[PDB]
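Chemist: Pasting a structure here, questions to come.
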Amino acid sequence: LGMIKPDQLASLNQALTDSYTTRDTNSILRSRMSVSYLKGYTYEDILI
Amino acid sequence: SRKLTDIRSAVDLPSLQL
Amino acid sequence: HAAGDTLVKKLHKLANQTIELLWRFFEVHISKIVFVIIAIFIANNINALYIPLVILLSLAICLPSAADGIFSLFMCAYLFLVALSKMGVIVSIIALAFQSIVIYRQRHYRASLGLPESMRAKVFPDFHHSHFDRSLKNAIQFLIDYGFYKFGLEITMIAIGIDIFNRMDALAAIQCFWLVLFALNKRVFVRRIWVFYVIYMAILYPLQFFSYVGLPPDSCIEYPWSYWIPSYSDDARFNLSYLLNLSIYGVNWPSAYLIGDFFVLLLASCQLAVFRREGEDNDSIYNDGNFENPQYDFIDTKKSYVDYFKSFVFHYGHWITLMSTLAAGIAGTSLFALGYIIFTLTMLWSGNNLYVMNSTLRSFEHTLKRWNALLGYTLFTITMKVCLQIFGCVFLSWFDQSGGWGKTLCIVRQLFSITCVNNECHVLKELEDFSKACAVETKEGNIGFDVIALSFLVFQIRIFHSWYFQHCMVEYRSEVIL
């Protein structure tokens, strides 16, 4: 039971962005929502 | 000819100014 | 009581008005309501039965004669026989009987009044039709009569241009050449060449129909090897075929495509056929004046509401509406719209300063300046739009190779060749990461702003050199002097 290093949080956030496709706007909207969800938790409020 | 056009212009212009 | 009698007479008046509406729609339209049910439900099923009766209608337009009436009786029964053998189409079964009902109701009107039996497009006094003007039913009457010469040309022109350009595929290029040749020159002999080209188009429309119905539902016989099946392997080559409209089986062909071209080929053919009939007053005056002294004279009419504001906005259109549609083009945010940007401001400044005071020996050169400047630009940008999207959809000096060449080509696609826009198409993985790296806004289509712009500039450049605007500059110079 431990916290999360900032490297892992940065990796997750970076992976969230590139998930979409070039054409579909729904993919962009989903990526934006998923990224907005993560930023509300600091690394000091995440438990692995 | 030319005098008719001149008097037509000199009649129309004061009407527009008024 | 008396109130009941007055209500009954009001109901009778309403019935008389509705009967007049039925009669006028019977006489004025005739085959329109049939031809469109023909195409709307054509899109709905697309099975062979339509083929015989679609080539039928196009040839019917290509046989502009009284023989056309034999094909009209064909439109009457063709459906009844095929519908009986196959047993909303049942509504069409009684709808063809309604054509005979139309003739039956015509005979009823013949014995009622003591007037000669003939078609009447102008039902209320003919003198008001020459009035062209304010206060009443003459508005719809105007929609009728100037559909014949002056408003009709602009209406069909904007219709064909905007519809085909928003279709944004194949046809786009041929009718782009049509636009270049039509708007570049001004001539009635070129209009006869255009009479022979619309005759060709009247055959080419059933060609498109047959391309869409080239084979029975499915038997997998032939598909011209997908237009020579080039050498590449991609959804790009799939879309090369999407483009040359050759055979293509697994597609629900866009209903909007057929409805648009069919209806806008009917309107254009009718408009041009009427155009060949009578004369014109657009440009014969200009060659007479050419052969600072414009000498067309006419009354300034009466300021009695409606006409006052109509002619007043007609005056203001030179400034606000045309330039504002060019400003929507400015907001198109494209490298081509940049040319619009430092074109429009110069137009404002220079043109205002120049024909506020009726520049000497330069009015004709200035109106040619406006004509070329704001027609050639919009046509060139609208012509490349479709050509560059053709280039992007297909394969040619692919923009993904080398480091320095890759950078230069990425910059090139950044501002010039951009990306293809079409509702149905496909891409592969390699081009997927290429588009990921290069990035684009995926929204470019000109239907947003260019169409309204072009509409205004043509509609007003056919006026900026004609009609009462020639008399209007007198007001401009008098206001400047006073």
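Ordering of the structure tokens sets the chain letters (A, B, ...), residue numbers begin anew at 1 in every chain, and ligands are numbered from 1 in the order given.
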Per DSSP on the backbone, filter chain A down to the residues in alpha helix (DSSP H) and report them as a list in words.

Modeler: residues 6, 7, 8, 9, 10, 11, 12, 13, 14, 15, 16, 17, 25, 26, 27, 28, 29, 30, 31, 32, 33, 34, 35, 36, 37 and 38 of chain A

Chemist: Output the selection as an mmCIF file, in the first residue's frame - N, CA and C atoms for each residue.

Modeler:
```
data_model
loop_
_atom_site.group_PDB
_atom_site.id
_atom_site.type_symbol
_atom_site.label_atom_id
_atom_site.label_comp_id
_atom_site.auth_asym_id
_atom_site.auth_seq_id
_atom_site.Cartn_x
_atom_site.Cartn_y
_atom_site.Cartn_z
ATOM 1 N N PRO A 6 5.439 10.595 -9.329
ATOM 2 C CA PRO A 6 4.968 11.498 -10.396
ATOM 3 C C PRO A 6 5.274 10.999 -11.801
ATOM 4 N N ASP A 7 6.271 10.128 -11.961
ATOM 5 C CA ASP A 7 6.548 9.559 -13.276
ATOM 6 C C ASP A 7 5.379 8.721 -13.779
ATOM 7 N N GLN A 8 4.798 7.888 -12.908
ATOM 8 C CA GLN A 8 3.664 7.065 -13.315
ATOM 9 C C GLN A 8 2.445 7.916 -13.654
ATOM 10 N N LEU A 9 2.183 8.962 -12.866
ATOM 11 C CA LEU A 9 1.064 9.847 -13.167
ATOM 12 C C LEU A 9 1.273 10.567 -14.494
ATOM 13 N N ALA A 10 2.498 11.034 -14.748
ATOM 14 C CA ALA A 10 2.793 11.676 -16.024
ATOM 15 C C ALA A 10 2.616 10.706 -17.185
ATOM 16 N N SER A 11 3.052 9.455 -17.012
ATOM 17 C CA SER A 11 2.881 8.462 -18.067
ATOM 18 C C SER A 11 1.409 8.203 -18.359
ATOM 19 N N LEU A 12 0.595 8.065 -17.313
ATOM 20 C CA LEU A 12 -0.833 7.844 -17.521
ATOM 21 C C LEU A 12 -1.471 9.026 -18.235
ATOM 22 N N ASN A 13 -1.149 10.244 -17.796
ATOM 23 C CA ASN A 13 -1.736 11.425 -18.421
ATOM 24 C C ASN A 13 -1.312 11.549 -19.880
ATOM 25 N N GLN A 14 -0.043 11.259 -20.179
ATOM 26 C CA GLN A 14 0.422 11.313 -21.560
ATOM 27 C C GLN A 14 -0.282 10.273 -22.418
ATOM 28 N N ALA A 15 -0.478 9.070 -21.882
ATOM 29 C CA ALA A 15 -1.200 8.048 -22.625
ATOM 30 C C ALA A 15 -2.659 8.411 -22.855
ATOM 31 N N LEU A 16 -3.269 9.191 -21.963
ATOM 32 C CA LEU A 16 -4.670 9.543 -22.161
ATOM 33 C C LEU A 16 -4.874 10.415 -23.391
ATOM 34 N N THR A 17 -3.875 11.225 -23.758
ATOM 35 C CA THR A 17 -4.070 12.192 -24.838
ATOM 36 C C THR A 17 -4.093 11.520 -26.204
ATOM 37 N N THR A 25 -14.771 13.410 -33.935
ATOM 38 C CA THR A 25 -14.800 14.367 -32.842
ATOM 39 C C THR A 25 -15.208 13.726 -31.520
ATOM 40 N N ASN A 26 -15.957 12.624 -31.568
ATOM 41 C CA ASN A 26 -16.326 11.928 -30.341
ATOM 42 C C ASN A 26 -15.092 11.400 -29.618
ATOM 43 N N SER A 27 -14.107 10.901 -30.370
ATOM 44 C CA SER A 27 -12.874 10.436 -29.745
ATOM 45 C C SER A 27 -12.154 11.576 -29.034
ATOM 46 N N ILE A 28 -12.106 12.748 -29.666
ATOM 47 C CA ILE A 28 -11.492 13.912 -29.037
ATOM 48 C C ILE A 28 -12.233 14.275 -27.755
ATOM 49 N N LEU A 29 -13.569 14.283 -27.812
ATOM 50 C CA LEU A 29 -14.349 14.661 -26.638
ATOM 51 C C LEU A 29 -14.122 13.684 -25.489
ATOM 52 N N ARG A 30 -14.077 12.385 -25.801
ATOM 53 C CA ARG A 30 -13.809 11.381 -24.778
ATOM 54 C C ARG A 30 -12.436 11.582 -24.156
ATOM 55 N N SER A 31 -11.425 11.857 -24.983
ATOM 56 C CA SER A 31 -10.088 12.084 -24.451
ATOM 57 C C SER A 31 -10.060 13.297 -23.530
ATOM 58 N N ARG A 32 -10.735 14.379 -23.925
ATOM 59 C CA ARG A 32 -10.782 15.564 -23.074
ATOM 60 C C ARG A 32 -11.435 15.258 -21.734
ATOM 61 N N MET A 33 -12.556 14.533 -21.747
ATOM 62 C CA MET A 33 -13.231 14.215 -20.489
ATOM 63 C C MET A 33 -12.362 13.342 -19.591
ATOM 64 N N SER A 34 -11.720 12.326 -20.165
ATOM 65 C CA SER A 34 -10.883 11.438 -19.367
ATOM 66 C C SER A 34 -9.694 12.176 -18.768
ATOM 67 N N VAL A 35 -9.111 13.122 -19.507
ATOM 68 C CA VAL A 35 -8.006 13.896 -18.950
ATOM 69 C C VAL A 35 -8.498 14.837 -17.858
ATOM 70 N N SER A 36 -9.658 15.466 -18.064
ATOM 71 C CA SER A 36 -10.197 16.351 -17.038
ATOM 72 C C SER A 36 -10.513 15.597 -15.752
ATOM 73 N N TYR A 37 -10.888 14.320 -15.857
ATOM 74 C CA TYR A 37 -11.159 13.533 -14.657
ATOM 75 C C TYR A 37 -9.902 13.335 -13.819
ATOM 76 N N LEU A 38 -8.771 13.060 -14.466
ATOM 77 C CA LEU A 38 -7.558 12.715 -13.734
ATOM 78 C C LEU A 38 -6.968 13.910 -13.004
#
```

Chemist: Please check the contacts: residues of chain C at most 7 Å away from chain A, using only C-alpha atoms, listed as a PyMOL selection string.

Modeler: chain C and resi 435-436+442

Chemist: Generate a file of the selected residues that holds N, CA and C atoms, formatted as a PDB file, in the first residue's frame.

Modeler:
```pdb
ATOM      1  N   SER C 435      -1.030  11.790 -40.361  1.00  0.00           N
ATOM      2  CA  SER C 435      -1.974  12.860 -40.051  1.00  0.00           C
ATOM      3  C   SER C 435      -1.928  13.232 -38.578  1.00  0.00           C
ATOM      4  N   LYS C 436      -1.619  12.269 -37.709  1.00  0.00           N
ATOM      5  CA  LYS C 436      -1.420  12.572 -36.298  1.00  0.00           C
ATOM      6  C   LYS C 436      -0.269  13.549 -36.110  1.00  0.00           C
ATOM      7  N   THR C 442      -9.578  19.636 -39.857  1.00  0.00           N
ATOM      8  CA  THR C 442     -10.595  18.716 -40.396  1.00  0.00           C
ATOM      9  C   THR C 442     -11.903  19.415 -40.781  1.00  0.00           C
TER      10      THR C 442
END
```

Chemist: Near chain B, meaning an atom within 12 Å, which residues of chain C appear when counting only C-alpha atoms? Write them as a list in words.

Modeler: residues 293, 295, 474, 475, 476, 477, 478, 479, 480, 481 and 482 of chain C

Chemist: How would the residues just chosen look if you wrote them out with N, CA, C and O atoms as a PDB file, in the first residue's frame?

Modeler:
```pdb
ATOM      1  N   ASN C 293     -20.725  59.402 -69.217  1.00  0.00           N
ATOM      2  CA  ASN C 293     -22.018  59.832 -69.750  1.00  0.00           C
ATOM      3  C   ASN C 293     -22.924  58.629 -69.977  1.00  0.00           C
ATOM      4  O   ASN C 293     -23.213  58.256 -71.121  1.00  0.00           O
ATOM      5  N   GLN C 295     -26.479  57.120 -70.364  1.00  0.00           N
ATOM      6  CA  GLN C 295     -27.711  57.758 -70.811  1.00  0.00           C
ATOM      7  C   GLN C 295     -28.908  56.819 -70.866  1.00  0.00           C
ATOM      8  O   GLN C 295     -29.709  56.916 -71.804  1.00  0.00           O
ATOM      9  N   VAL C 474     -25.607  59.352 -59.818  1.00  0.00           N
ATOM     10  CA  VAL C 474     -25.992  60.757 -59.778  1.00  0.00           C
ATOM     11  C   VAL C 474     -26.241  61.190 -58.338  1.00  0.00           C
ATOM     12  O   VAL C 474     -25.794  62.255 -57.902  1.00  0.00           O
ATOM     13  N   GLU C 475     -26.951  60.354 -57.578  1.00  0.00           N
ATOM     14  CA  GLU C 475     -27.168  60.643 -56.163  1.00  0.00           C
ATOM     15  C   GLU C 475     -25.847  60.684 -55.406  1.00  0.00           C
ATOM     16  O   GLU C 475     -25.644  61.549 -54.546  1.00  0.00           O
ATOM     17  N   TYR C 476     -24.939  59.758 -55.717  1.00  0.00           N
ATOM     18  CA  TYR C 476     -23.629  59.737 -55.068  1.00  0.00           C
ATOM     19  C   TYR C 476     -22.892  61.055 -55.281  1.00  0.00           C
ATOM     20  O   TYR C 476     -22.433  61.692 -54.324  1.00  0.00           O
ATOM     21  N   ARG C 477     -22.782  61.481 -56.540  1.00  0.00           N
ATOM     22  CA  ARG C 477     -22.024  62.688 -56.844  1.00  0.00           C
ATOM     23  C   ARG C 477     -22.714  63.931 -56.297  1.00  0.00           C
ATOM     24  O   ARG C 477     -22.045  64.857 -55.825  1.00  0.00           O
ATOM     25  N   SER C 478     -24.049  63.976 -56.341  1.00  0.00           N
ATOM     26  CA  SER C 478     -24.755  65.124 -55.784  1.00  0.00           C
ATOM     27  C   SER C 478     -24.555  65.211 -54.277  1.00  0.00           C
ATOM     28  O   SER C 478     -24.356  66.304 -53.737  1.00  0.00           O
ATOM     29  N   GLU C 479     -24.605  64.069 -53.585  1.00  0.00           N
ATOM     30  CA  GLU C 479     -24.356  64.065 -52.148  1.00  0.00           C
ATOM     31  C   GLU C 479     -22.935  64.513 -51.839  1.00  0.00           C
ATOM     32  O   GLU C 479     -22.708  65.275 -50.891  1.00  0.00           O
ATOM     33  N   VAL C 480     -21.963  64.059 -52.634  1.00  0.00           N
ATOM     34  CA  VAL C 480     -20.578  64.472 -52.412  1.00  0.00           C
ATOM     35  C   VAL C 480     -20.429  65.974 -52.619  1.00  0.00           C
ATOM     36  O   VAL C 480     -19.759  66.661 -51.837  1.00  0.00           O
ATOM     37  N   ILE C 481     -21.054  66.510 -53.668  1.00  0.00           N
ATOM     38  CA  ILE C 481     -20.931  67.935 -53.964  1.00  0.00           C
ATOM     39  C   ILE C 481     -21.587  68.773 -52.872  1.00  0.00           C
ATOM     40  O   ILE C 481     -21.003  69.747 -52.381  1.00  0.00           O
ATOM     41  N   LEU C 482     -22.804  68.406 -52.467  1.00  0.00           N
ATOM     42  CA  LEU C 482     -23.531  69.162 -51.456  1.00  0.00           C
ATOM     43  C   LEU C 482     -23.043  68.885 -50.041  1.00  0.00           C
ATOM     44  O   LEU C 482     -23.483  69.563 -49.106  1.00  0.00           O
TER      45      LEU C 482
END
```

Chemist: For residue 314 in chain C, list every protein, DNA or RNA residue within 12 Å, evaluated using only C-alpha atoms, and leave out those in the same chain fewer than 3 positions away; present the list as a PyMOL selection string.

Modeler: chain C and resi 306-311+317-322+456+459-460+463-464+467-469+472

Chemist: In Å, with one decimal, what is the gap from CA of residue 455 in chain C to CA of residue 171 in chain C?

Modeler: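 Atom-to-atom, CA of residue 455 in chain C and CA of residue 171 in chain C are spaced 19.3 Å apart.
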
Chemist: Find the distance between CA of residue 75 in chain C and CA of residue 210 in chain C and write it in Å to one decimal.

Modeler: 19.5 Å

Chemist: Please compute the CA of residue 452 in chain C-CA of residue 209 in chain C distance, one decimal, in Å.

Modeler: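 We find that CA of residue 452 in chain C and CA of residue 209 in chain C lie 29.4 Å from each other.
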
Chemist: From the list C:446, C:17, C:363, C:372, which residue is nearest residue 329 in chain C when using only C-alpha atoms?

Modeler: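 Among the listed residues, C:446 lies closest to residue 329 in chain C.
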
Chemist: Which one of C:147, C:406, C:205, C:29 sits closest to residue 57 in chain C if you count only C-alpha atoms?

Modeler: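 Among C:147, C:406, C:205, C:29, it is C:205 that comes nearest to residue 57 in chain C.
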
Chemist: Taking 6 positions as the minimum chain separation for residues in the same chain, which residues sit within 10 Å of residue 46 in chain A when counting only C-alpha atoms? Answer as an NGL selection string.

Modeler: :A and (2-5 or 9)

Chemist: List the neighbours of residue 388 in chain C out to 10 Å using only C-alpha atoms; skip same-chain residues closer than 5 positions along the sequence, and give me the result as a list in words.

Modeler: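 That gives residues 383, 393, 394, 416, 417, 418, 419 and 420 of chain C.
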